[PDB]
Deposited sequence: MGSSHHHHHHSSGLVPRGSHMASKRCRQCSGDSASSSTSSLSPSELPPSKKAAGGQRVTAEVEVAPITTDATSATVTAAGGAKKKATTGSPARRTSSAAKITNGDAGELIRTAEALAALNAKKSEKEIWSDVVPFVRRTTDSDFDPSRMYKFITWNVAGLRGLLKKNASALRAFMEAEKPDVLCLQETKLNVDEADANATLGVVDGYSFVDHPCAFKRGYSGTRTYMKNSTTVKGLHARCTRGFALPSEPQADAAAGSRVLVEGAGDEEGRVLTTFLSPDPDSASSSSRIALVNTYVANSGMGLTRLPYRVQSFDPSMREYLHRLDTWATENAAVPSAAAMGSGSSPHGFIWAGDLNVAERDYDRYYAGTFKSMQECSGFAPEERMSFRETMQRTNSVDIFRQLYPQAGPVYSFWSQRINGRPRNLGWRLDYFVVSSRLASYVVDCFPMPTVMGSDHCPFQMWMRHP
């Protein structure tokens, strides 16, 4: 089933001591008062693990959060909305000053699903934002039915269409499943399709228009913990690499994507050795209170946009999901 390279990395031992050696506690480089709304964009991403479930436990979850944070675009994943319920969907989680586009999973009910909010002032109008679903570029407001699992929702942003282009891809990457059962799917179908799309987006933003305020931001729950310290240590390193998200092929494929598309895990560019910082905590254990979890949520940015990023940090006090949101600020002229 598994290549020689993968097998080698699976057998090699690493103690907690020897991977958490160079790791330093996470201290956020900014305070909220550094945020300048006139020269910065705020993006956040959040796996809600059931949008209805979340809003049923607290009707104001999205109202209070948007109010407190005023993000320019908010990317949600695991909405678990059903595809035939357009009207029920379009009236669920509505918030003043915001438009949202839905991309619910068709191939399975109450599963997966993806949604993006755009602030009417800054994003809908100021950035002339248009969306697509699936692995599509725009026509020449939403477009196409997209991928059947609801995993990919893209928002295209420019201060002038037809200057600065950004493609923000809201992504809920396919989990390799409990037995690493769907690992061949993740590695052979999904990841390669994601790689191709990101390249094409980067060429949309770049070779078309033009270090430079052009490229893509790949945001969401990428279902991979890429640093050895991107998840708590338990058992053996071998046994750790048996969990979906930490399998050898998952990690190498993600690294490969960042490499092949010329992009960076922006959090690890700002805090290359920080830990423990997680965005996910398994409810199967009592994970959250004991802070043993995973960093599964990301902003991966085109290299040439890296320098514009002011900060990128988790928001672990925001409850309601087994994921916390992750926030990012980007400078613009």
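Undergrad: Would you mind checking the deposited sequence against the model and listing the stretches with no C-alpha coordinates?
TA: Counting from residue 1, the stretches without coordinates are 1-109, 250-260, 283-286, 335-344.
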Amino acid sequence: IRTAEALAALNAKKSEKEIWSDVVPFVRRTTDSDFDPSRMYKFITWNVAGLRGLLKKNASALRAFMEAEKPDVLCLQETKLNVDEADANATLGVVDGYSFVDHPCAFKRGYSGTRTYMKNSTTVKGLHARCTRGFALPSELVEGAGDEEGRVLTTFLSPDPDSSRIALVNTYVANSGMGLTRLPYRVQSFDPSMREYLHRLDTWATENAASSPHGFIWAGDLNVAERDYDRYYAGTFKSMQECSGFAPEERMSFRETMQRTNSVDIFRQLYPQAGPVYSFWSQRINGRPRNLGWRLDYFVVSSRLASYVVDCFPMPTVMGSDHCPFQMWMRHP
From here on, numbers count along this sequence of modelled residues.
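Undergrad: Which has higher Cα B-factors on average according to the PDB entry: 177-185 or 191-199?
TA: The stretch with the larger average C-alpha B-factor is 177-185.
Undergrad: Which is higher on average in the deposited entry, the C-alpha temperature factors of 286-294 or of 64-72?
TA: It is 286-294.
Undergrad: Can you tell me which of 300, 40, 305, 55 has the maximum CA B-factor listed in the PDB entry?
TA: Reading the PDB entry, the winner on C-alpha B-factor is 55.
Undergrad: Name the one of 132, 208, 257, 89 with the greatest CA B-factor according to the PDB entry.
TA: In this record, 208 carries the highest C-alpha B-factor of the candidates.
Undergrad: For residue 231, return the chain-relative third of its C-alpha B-factor as stated in the PDB record: lowest, middle or highest.
TA: Highest third of the chain for residue 231's C-alpha B-factor.
Undergrad: Could you look up the Cα B-factor of residue 242 in the entry and say which third of the chain it sits in: lowest, middle or highest?
TA: Highest third of the chain for residue 242's C-alpha B-factor.
Undergrad: Ordered by C-alpha B-factor within the chain, which third holds residue 281? Give me lowest, middle or highest, please.
TA: Highest third, going by the recorded CA B-factors of the chain.
Undergrad: Lowest, middle or highest third of the chain for the C-alpha temperature factor of residue 98?
TA: CA B-factor rank for residue 98: middle third.
Undergrad: Lowest, middle or highest third of the chain for the C-alpha temperature factor of residue 220?
TA: Lowest third, going by the recorded CA B-factors of the chain.
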